[PDB]
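*Asks:* Okay, handing you the structure first.
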Amino acid sequence: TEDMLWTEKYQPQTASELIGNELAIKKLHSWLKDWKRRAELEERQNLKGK
Amino acid sequence: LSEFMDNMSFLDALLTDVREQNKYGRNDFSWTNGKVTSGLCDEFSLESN
Amino acid sequence: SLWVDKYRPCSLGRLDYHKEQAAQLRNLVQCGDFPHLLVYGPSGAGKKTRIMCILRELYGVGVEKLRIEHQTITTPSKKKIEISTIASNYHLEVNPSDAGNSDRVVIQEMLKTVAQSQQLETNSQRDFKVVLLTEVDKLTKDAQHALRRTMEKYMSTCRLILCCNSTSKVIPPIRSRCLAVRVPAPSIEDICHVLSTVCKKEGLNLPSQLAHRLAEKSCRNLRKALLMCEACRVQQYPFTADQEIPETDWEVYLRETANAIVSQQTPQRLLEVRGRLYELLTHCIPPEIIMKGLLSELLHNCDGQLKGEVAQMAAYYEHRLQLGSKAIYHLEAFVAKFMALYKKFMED
Amino acid sequence: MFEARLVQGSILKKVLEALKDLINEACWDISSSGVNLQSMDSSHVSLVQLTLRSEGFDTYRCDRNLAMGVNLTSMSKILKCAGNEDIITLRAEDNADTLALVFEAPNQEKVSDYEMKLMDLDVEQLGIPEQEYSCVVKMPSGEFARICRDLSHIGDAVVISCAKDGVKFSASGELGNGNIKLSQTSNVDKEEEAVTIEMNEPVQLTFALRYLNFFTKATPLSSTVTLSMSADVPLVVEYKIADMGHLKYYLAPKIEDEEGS
Amino acid sequence: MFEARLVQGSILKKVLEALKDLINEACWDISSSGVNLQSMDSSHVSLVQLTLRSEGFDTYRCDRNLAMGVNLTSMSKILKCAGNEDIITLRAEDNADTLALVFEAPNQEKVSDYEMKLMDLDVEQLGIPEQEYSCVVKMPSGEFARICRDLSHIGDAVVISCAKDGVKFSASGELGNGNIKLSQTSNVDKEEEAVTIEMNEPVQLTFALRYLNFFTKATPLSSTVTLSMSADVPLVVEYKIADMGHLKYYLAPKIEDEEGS
Amino acid sequence: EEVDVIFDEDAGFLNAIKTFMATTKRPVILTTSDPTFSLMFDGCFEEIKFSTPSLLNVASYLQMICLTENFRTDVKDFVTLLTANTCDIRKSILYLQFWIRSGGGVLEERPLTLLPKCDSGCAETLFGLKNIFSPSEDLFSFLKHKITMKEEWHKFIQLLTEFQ
Amino acid sequence: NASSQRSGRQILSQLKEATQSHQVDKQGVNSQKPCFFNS
Amino acid sequence: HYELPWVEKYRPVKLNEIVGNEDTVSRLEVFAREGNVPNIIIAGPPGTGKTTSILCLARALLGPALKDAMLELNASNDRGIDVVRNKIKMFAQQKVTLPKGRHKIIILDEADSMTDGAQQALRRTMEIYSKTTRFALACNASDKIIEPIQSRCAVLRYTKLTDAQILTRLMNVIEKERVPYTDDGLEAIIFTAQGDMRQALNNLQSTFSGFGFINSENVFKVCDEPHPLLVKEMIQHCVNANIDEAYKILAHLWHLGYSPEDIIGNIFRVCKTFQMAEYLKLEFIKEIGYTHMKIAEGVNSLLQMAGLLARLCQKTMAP
Amino acid sequence: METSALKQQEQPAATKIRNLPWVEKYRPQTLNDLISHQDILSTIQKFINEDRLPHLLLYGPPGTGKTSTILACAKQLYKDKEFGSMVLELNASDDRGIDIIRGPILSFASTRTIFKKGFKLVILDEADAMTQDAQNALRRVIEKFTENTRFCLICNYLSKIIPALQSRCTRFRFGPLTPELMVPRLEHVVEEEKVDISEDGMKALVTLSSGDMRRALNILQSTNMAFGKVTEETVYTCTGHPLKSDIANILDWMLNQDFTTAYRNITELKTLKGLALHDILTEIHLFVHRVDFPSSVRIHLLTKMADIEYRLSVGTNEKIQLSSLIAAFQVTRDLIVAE
Ligand SMILES: Nc1ncnc2c1ncn2[C@@H]1O[C@H](COP(=O)(O)OP(=O)(O)OP(O)(O)=S)[C@@H](O)[C@H]1O
Ligand SMILES: Nc1ncnc2c1ncn2[C@@H]1O[C@H](COP(=O)(O)OP(=O)(O)OP(O)(O)=S)[C@@H](O)[C@H]1O
Ligand SMILES: Nc1ncnc2c1ncn2[C@@H]1O[C@H](COP(=O)(O)OP(=O)(O)O)[C@@H](O)[C@H]1O
Ligand SMILES: [Mg+2]
Ligand SMILES: [Mg+2]
């Protein structure tokens, strides 16, 4: 009855579900946090301009 | 045990192996290279194996 | 920058030993049409520094700067191989033995690019670029045939320098067209001279007894002597005549391996000796060096009639090691046959 | 069962020539109300909203709301053979893997039954809802494309700044500076050439030109165009065809790395 | 001793560009009635036959039958620098292995001359009996190239059928099956040609794209084409050139197998 | 994804991604498995290296995966599978899916407190050794006993040549 | 990815505006994966 | 009217008609009965039933939808870099209405012949479109398939067919073809096909067409290997340390025109099942392997084979 | 492309006033003319005449009559009015990679006949030169078009063909001829050409050619124009083969006198006759089984000589290997004689 592979059935949707390499996923998650912060700062600056 | 492992050295040295060992790098436990990436070109090998 | 390369001579006049050979190489350079060189001799003899002196005599001071470049060559079996390379404006240095049986995939191609550069680069100094070939004794039969055809094809284009330790594996065709430069190991007094000169240039003084002990422990290896002198400098600020020269760690590990082989002859001890040899192999120690060290440390405990049989067995299994691929089989096969023979000798 | 009969397919050929390089795939969201084509480009910065009324066809029939995704390059392949005076039929089964297009040549009997496999989109209609735009500008199409041509000769980033008199186009390039202004030409003979401004508050944005080239490659489809621009919303470029539907085109403005004080 | 006087360089230009990559060599055999050229593709799937009458040349004169075989790489390279409107002459010896092509002056100031070698091949007379064909149609030439380009750019093999309505071209490619039907009453206005049939029994076959497109490469030789098909007798496309003489192509259909259970 | 894979049709891809590198305002990720590319590519990028994960952690993760699918397994079989697959998580997950949805390995009972029957034997069928042996035959039980009859001699030969 | 045609002018002219500009659809169905290609 | 080959005439149509590799065939059977098969790579020797198993699996999974939901690409097709990037990718993105648990199948037969760049492009397009499409690869040497392709699939292993299974299928074909036979001809057909079912069927059909009866002399007349009776007699002479008679047989084989390669191959194949002691068999196999390596390196003369017989004689004559 | 005008020009090519093409003088035209492999040509006729011709794999040592045989079958099956349209003869001489399989062969096999309806045939010469993946494509082409076209693969060594290609075809080995039946043909050509050969020269011709007709004609013709008469010394000197007297004297030196004198004599003879150690080893090995040795002596000599021949292959010093060859006899047979 199932129709997808287990690699995408049990695909980690949240970064904490990655097994091992916790320093690497910590660095990547942190770096994307600064990039999302910069995107939100750009949006805030755009709305403050107008 | 010594006779068996002499026979195994006989097999490793004096018999043909299926996959040609140290084909692109040298033997095991080497530091100089070992980063043999696979092929990246669409032309065929045209080898005489 | 240790003492081995900080005080490496740069010209043929600053060499301390083989001075007649240095003058002969200078006269070779001054003729203007020096041939392919086949430099050979033991390790630590001084082949590389003499080749560097030859290169500095040929071209200007610009060979003293070096740069590392990586070359990715496509194999005819369509699997690209990337190798490192030390080079300069005037010379190239390569070690194609790192490419396994694809060493010819370097040899037929790499020097060709240099030949391409010889029709691309123009300097009006000399009509060739020197290609240095390190560990040419480790090439295969077809690699050496490729090298032969390569020096035939680009004779007037580039010159070849082949540095090796043994000319046994190289083919007689590759020797029939290269001038042979045999660099023997320096004597004990020569190593003492070099050690005293290197210590004086650093500002220290070492006694003649310590220098003689270092030269005797080096086994006529100048580089090993310099490294051991630097280690003795690290251990003690002044050089005393009774200062203990520190020993090589893998050498003493091989010595305890030989003692464990001699002490008990059991399958359990055979397994621990196999584990020790695996530990040495994982340290990138070459298996031929391990076999030579094992034979050197096992012949002390042997008896006179046993010595010839043990040496012949070690040579047999080292030839098997050369023929095969997984060297632990031949190493431990020699080991186990030695324990069997030694046990049979000790029961009678 | 979906069945549509474009009485004339010159406008279909010219709109696929307008959208031949921008969007990767085209979806049909086909209902009883009409035919919807909401397509997002490969860069996901622009959007195309092509809407065809049911009365704009000869016969239009749709039993159930359906959606198909085909690719643009195959549509470029089929529609090269389309003439300018010809009848075009679009046919689809109720639950089909394929879409048919019947091209009836002006000969007595020369039929091109051109069939094309669907390509299985996982994306539905995606667009902003109706919201009141501060600046609404009616302005001709040919001189829009002419302005885009000269400014694309000038530079690679424009500032669009609405004003009381019109809307100013500014650009700074390495060749020079290109600035153009728009004035009211409402007191003119043709209503297409007439320019009227319904601007409410002054906004300004930074845009990309090649996008304006695909924007304005839809030139001869409509006489005049309507620009809707407000605060922090995509530019809406609106072409209303006569009793034959209308198309909206959406630009997302370039981001600005604003510096603090 | 063979001499031929080709009236227009366009005829030899288009004949050489027709057989450009279909064939490996050309072996012309001369006769009192005219000159002939029959040979076959290196893949042994297509036959090219070409007959030129004596009266078509201005001065055609021969002594005895002789066949000359030239590889067409050299002669195509030579003939690519020939005038379209110019008048050409061909001359060969009785036993020498060199053939001379002399092009007259295109600028009325430089007569061009060139020579090719000769290589002998096993080219025997493929004596096909001309069986009565069950499907003979007449159809425009440029239209045939257009339709073959439309079909061959989607799929790999073109299915050609000849039913009671007329001819039918189909291609079930990986993109989607394209299909155009032509009829008896369908007469085009581009060349003012009407599709007519002389068919007895309907036959349906399938062919490769490349050889059919190479057949279409000989478009401007005639205003009309006769297509000839039968249940066994293979695909024939034939061009009846102005005056007399004709160009004749045989293509072998692919083998079609029934699907398994 | 897979920046080290450069074809002749991908003309100037390295120059294009360098032009991307210079003139971007949004984050860019490069994913590769060739270790040389980080030395070959020129430009400023933050290096992130995924080391090989611990065998016990991925073994317990696959134990979780099989436990959710109502399958009970031992950690030793998973350790063998991951050692054979050199700790490839995707390859292990895919082979586990194939082997579970086929009906598991063999019905054997093992009492562990540390209950349905356990399902050891995944690494045996991973190498295709179940295609040679009867399903009542263990590999080590086959190796320990002496071999006399021709058929299991052929079984031994087939085992060794499949591993050779 | 390597499964699609990525030549330099192709990826430039079709993906610079993703980095240099905003997204037209900011709300709704956004966290998807459009794999860039041009058949 | 046309004579179909018995290889194709008696091809299995159902997955339960496939002998050998019972575990993997049964797993494929339950996947065909259930559905949701993952991406698989079937590796093994030729003639063992990999293409047949994949075709029967796809047939059972699809049925009437096999005509449009299946894309097969063998080594006779292009399967280039542009083919992988275009044709396979549009078939992967193609919409096909299928029952639940059924996916489109992309069979890539002879994935060894697939170019490395084609596989490198195949990686991601096999990974992402797995919700609607599946990949079934078949190969002989799995080492020729690059590592990410093996990582994105499930590797299934096929082995050589046991002579019992080849005998059962041979009896199945014989009892549906009115083939007169004897036991020695069956042993000869099984010997001439070492673990191959295609070679067994082809040799059976060739012997039936050439002579009409299945005995050993007919099989070895139509197949023309060095006769296993001669090689067995030579090995028996070497066991008794009779260099003269063993060399007489070897020189007779050499003057019959047999190459060194098939002579040493038949020597190994006969010696594998020869009835002698284990130590003598081990020394014989070691010396045969050394001589076979010497033949493969390039030195292949009667001196090499005479030196082997002699190294085989001195194995027994000396302790 | 091309590579066909040379053969067509070569077939009626002779000076016809001075040249003597002895090999091309006596060629069979049909299967009733090639008096060799009667079982093979009979079963080929039995396959063709009843419309059950399978895929054929013709192999064997070269010069045994394979290409002309299949040319005779192709000409007797298909008339000249339809021969080129439905018989496609290619080889590995025209190789640009593997394109020939997906090009001419795949196009030819996948289409029907043009003029006369029937089955087509592909001749493929030196098929062992193909790569493994080219054969993997060819077997698929053969498998899916087996009803329309049949294939005939002519190779030299069967070991270079993949097992599936061998599985699709029935194999025919063209072995060397029993040296006896070759003699009638040699008496025929000497009676035609009026030459002087003794029986010993006949023995030399049948032992040098190893069942090859063309090489026998070449050697006989060359020795005839060189000397005008053929005895064993005359053919062996023109051939440059180790003479039986020289090998017998080498064996006598290695059996009779000491190490140094035999070594010097053998080195002198090798430099004198241009003799290599490989051919010395071959002829001495042939001499070993015709000389009455004990079984242990024969085993020792064969093992040692095989080891020396292996050592010569890797490129060692030929002088030291010659000393080892002398040593192999000095170990056993000299002290057996002196006992
Ligand atoms: N296990 C089997 N059971 C029954 N018949 C078989 C079996 N294996 C092979 N055959 C027969 O042999 C023919 C060829 O089998 P294939 O499946 O084509 O071999 P293969 O596994 O594809 O190996 P290749 O193609 O050389 S890599 C089939 O059509 C069957 O008639
Ligand atoms: N048994 C034979 N008796 C007489 N002449 C023979 C015999 N075998 C070959 N020939 C001659 O060899 C010629 C060519 O035969 P081919 O079939 O071409 O030989 P082949 O076995 O195919 O090996 P090739 O062609 O050299 S690779 C014939 O025309 C004969 O003159
Ligand atoms: N004439 C010399 N004077 C001083 N030091 C030397 C002299 N010759 C060699 N050396 C030292 O000995 C070492 C020799 O190493 P190298 O040139 O690599 O020889 P090899 O290649 O034989 O190992 C160098 O490190 C160098 O510093
Ligand atoms: Mg198969
Ligand atoms: Mg031949």
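Scheme for the structure tokens: letters A, B, ... for chains in order shown; per-chain residue numbers from 1; ligand numbers from 1 in order shown.
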Can you pull out every residue with an atom within 6 Å of ligand 1? Use only C-alpha atoms and all ligand atoms and format it as a PyMOL selection string.

*Replies:* (chain H and resi 7-8+10-11+18-20+46-52+139-140+197-198) or (chain I and resi 164)

*Asks:* For residue 83 (chain F), find every residue with an atom within 12 Å (counting only C-alpha atoms), except residues of its own chain fewer than 3 positions away, and show them as JSON, numbers by chain.

*Replies:* {"F": [52, 53, 54, 55, 56, 58, 59, 76, 77, 78, 79, 80, 86, 87, 88, 89, 91, 92, 123, 126]}

*Asks:* Write as a PyMOL selection string the residues around ligand 3, taking 10 Å as the cut-off and counting only C-alpha atoms and all ligand atoms.

*Replies:* chain C and resi 2-19+22+39-53+134-135+163-165+183-186+190-191+193-195+197-198+221-227

*Asks:* Any chance you could export the current selection's C-alpha atoms as a tab-separated table (two decimals), in the first residue's frame?

*Replies:*
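Wrote it out as result_8.tsv, contents follow:
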```
chain	number	residue	atom	x	y	z
C	2	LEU	CA	65.59	21.68	9.79
C	3	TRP	CA	69.36	21.31	9.47
C	4	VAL	CA	69.00	18.93	6.51
C	5	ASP	CA	67.71	21.62	4.13
C	6	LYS	CA	68.86	24.88	5.75
C	7	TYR	CA	72.49	23.94	5.03
C	8	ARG	CA	71.98	21.98	1.82
C	9	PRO	CA	74.66	23.15	-0.65
C	10	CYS	CA	73.38	25.06	-3.66
C	11	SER	CA	76.37	24.90	-6.03
C	12	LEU	CA	78.86	22.21	-7.00
C	13	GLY	CA	81.74	24.03	-5.32
C	14	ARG	CA	80.25	23.80	-1.82
C	15	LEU	CA	80.06	20.00	-1.75
C	16	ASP	CA	82.30	18.43	0.89
C	17	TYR	CA	82.65	14.87	-0.46
C	18	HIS	CA	82.81	13.34	-3.94
C	19	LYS	CA	84.72	16.45	-5.00
C	22	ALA	CA	81.52	17.29	-8.47
C	39	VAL	CA	71.73	9.19	-10.77
C	40	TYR	CA	71.79	6.25	-8.38
C	41	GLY	CA	73.14	5.31	-4.99
C	42	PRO	CA	71.92	4.46	-1.50
C	43	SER	CA	69.39	6.53	0.39
C	44	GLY	CA	70.87	9.55	2.11
C	45	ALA	CA	73.98	9.45	-0.07
C	46	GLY	CA	73.42	12.89	-1.54
C	47	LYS	CA	71.87	12.29	-4.95
C	48	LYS	CA	69.12	14.91	-4.63
C	49	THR	CA	71.46	17.68	-3.48
C	50	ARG	CA	73.88	16.91	-6.32
C	51	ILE	CA	71.00	17.05	-8.80
C	52	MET	CA	69.94	20.40	-7.32
C	53	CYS	CA	73.53	21.64	-7.61
C	134	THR	CA	62.02	10.41	-8.59
C	135	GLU	CA	61.88	6.70	-7.67
C	163	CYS	CA	67.00	9.49	-9.59
C	164	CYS	CA	66.91	5.98	-8.16
C	165	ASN	CA	68.38	3.79	-5.46
C	183	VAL	CA	76.81	8.42	-5.81
C	184	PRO	CA	78.18	6.15	-3.07
C	185	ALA	CA	77.39	6.67	0.58
C	186	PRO	CA	79.84	9.00	2.36
C	190	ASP	CA	82.96	12.56	5.74
C	191	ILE	CA	79.82	12.39	7.90
C	193	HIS	CA	83.14	16.52	8.68
C	194	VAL	CA	79.60	17.45	7.62
C	195	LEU	CA	78.30	17.21	11.20
C	197	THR	CA	80.58	21.96	9.75
C	198	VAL	CA	76.81	22.06	10.33
C	221	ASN	CA	73.13	7.88	5.87
C	222	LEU	CA	73.94	11.59	5.93
C	223	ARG	CA	70.30	12.67	6.29
C	224	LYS	CA	69.75	10.26	9.18
C	225	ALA	CA	72.94	11.56	10.79
C	226	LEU	CA	71.74	15.17	10.48
C	227	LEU	CA	68.31	14.30	11.89
```

*Asks:* With 12 Å as the limit and counting only C-alpha atoms, what residues in chain F lie close to chain D? Please list them as a ChimeraX atom specification.

*Replies:* /F:24-26

*Asks:* Convert the current residue selection to file output with N, CA, C and O atoms, as a PDB file, in the first residue's frame.

*Replies:*
```pdb
ATOM      1  N   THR F  24      26.770  37.418  -5.291  1.00  0.00           N
ATOM      2  CA  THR F  24      25.552  36.886  -4.704  1.00  0.00           C
ATOM      3  C   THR F  24      25.166  37.670  -3.457  1.00  0.00           C
ATOM      4  O   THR F  24      25.990  38.345  -2.834  1.00  0.00           O
ATOM      5  N   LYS F  25      23.883  37.575  -3.110  1.00  0.00           N
ATOM      6  CA  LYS F  25      23.361  38.136  -1.872  1.00  0.00           C
ATOM      7  C   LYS F  25      22.577  37.104  -1.072  1.00  0.00           C
ATOM      8  O   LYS F  25      21.906  37.471  -0.101  1.00  0.00           O
ATOM      9  N   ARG F  26      22.642  35.832  -1.456  1.00  0.00           N
ATOM     10  CA  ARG F  26      21.903  34.741  -0.841  1.00  0.00           C
ATOM     11  C   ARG F  26      22.861  33.583  -0.604  1.00  0.00           C
ATOM     12  O   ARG F  26      23.865  33.460  -1.314  1.00  0.00           O
TER      13      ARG F  26
END
```

*Asks:* For each of F:97, F:113, F:125, F:148, take the minimum atom-to-atom distance to residue 6 (chain A), counting only C-alpha atoms, then give the residue where this is smallest.

*Replies:* F:97

*Asks:* Pick from I:135, I:313, I:221, I:8: nearest to chain B, with only C-alpha atoms counted?

*Replies:*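 Among the listed residues, the smallest separation from chain B belongs to I:135.
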
*Asks:* Only residues of chain F matter here; which ones have an atom within 10 Å of chain C, counting only C-alpha atoms? Give them as an mmCIF file with C-alpha atoms, in the first residue's frame.

*Replies:*
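Saved file result28.cif follows:
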```cif
data_model
loop_
_atom_site.group_PDB
_atom_site.id
_atom_site.type_symbol
_atom_site.label_atom_id
_atom_site.label_comp_id
_atom_site.auth_asym_id
_atom_site.auth_seq_id
_atom_site.Cartn_x
_atom_site.Cartn_y
_atom_site.Cartn_z
ATOM 1 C CA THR F 36 40.474 17.051 -3.821
ATOM 2 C CA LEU F 39 42.081 22.047 -2.806
ATOM 3 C CA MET F 40 41.290 22.497 -6.535
#
```

*Asks:* Write down as a PyMOL selection string the residues belonging to region 22-117 of chain I that are assigned strand (DSSP E) by DSSP computed on the backbone.

*Replies:* chain I and resi 56-59+87-91

*Asks:* Extract, using only C-alpha atoms, all DNA, RNA and protein residues at most 7 Å from region 6-9 of chain B, discarding same-chain residues fewer than 4 positions from it, and format them as a PyMOL selection string.

*Replies:* (chain B and resi 2+13) or (chain C and resi 329-330+333)

*Asks:* Would you mind exporting the chosen residues as an mmCIF file, in the first residue's frame, restricted to N, CA, C and O atoms?

*Replies:*
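Full text of again.cif as output:
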```cif
data_model
loop_
_atom_site.group_PDB
_atom_site.id
_atom_site.type_symbol
_atom_site.label_atom_id
_atom_site.label_comp_id
_atom_site.auth_asym_id
_atom_site.auth_seq_id
_atom_site.Cartn_x
_atom_site.Cartn_y
_atom_site.Cartn_z
ATOM 1 N N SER B 2 51.572 -22.466 9.575
ATOM 2 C CA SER B 2 52.611 -21.934 8.703
ATOM 3 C C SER B 2 52.473 -22.457 7.282
ATOM 4 O O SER B 2 52.675 -21.706 6.323
ATOM 5 N N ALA B 13 50.613 -14.181 -4.420
ATOM 6 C CA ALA B 13 51.695 -13.763 -5.305
ATOM 7 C C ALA B 13 51.654 -14.465 -6.660
ATOM 8 O O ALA B 13 51.695 -13.811 -7.705
ATOM 9 N N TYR C 329 50.606 -11.087 4.085
ATOM 10 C CA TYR C 329 50.651 -12.530 3.879
ATOM 11 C C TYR C 329 52.085 -13.013 3.779
ATOM 12 O O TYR C 329 52.475 -13.982 4.432
ATOM 13 N N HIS C 330 52.894 -12.308 2.996
ATOM 14 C CA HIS C 330 54.275 -12.714 2.789
ATOM 15 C C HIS C 330 55.121 -12.423 4.018
ATOM 16 O O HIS C 330 55.978 -13.235 4.391
ATOM 17 N N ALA C 333 54.037 -15.029 6.572
ATOM 18 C CA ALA C 333 54.468 -16.339 6.099
ATOM 19 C C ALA C 333 55.945 -16.560 6.369
ATOM 20 O O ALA C 333 56.342 -17.638 6.833
#
```

*Asks:* If we count only C-alpha atoms and set the cut-off at 8 Å, which residues sit around residue 16 (chain B), ignoring sequence neighbours fewer than 2 positions away in its own chain? Please answer as JSON, numbers by chain.

*Replies:* {"B": [14, 18], "H": [289, 293]}

*Asks:* Kindly provide, as a list in words, the residues of chain E having any atom no farther than 7 Å from an atom of chain I, counting only C-alpha atoms.

*Replies:*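 Listed by rising number, the hits are residues 42, 43, 44, 45, 119, 120, 121, 122, 126, 127, 128, 234, 252, 253, 254 and 255 of chain E.
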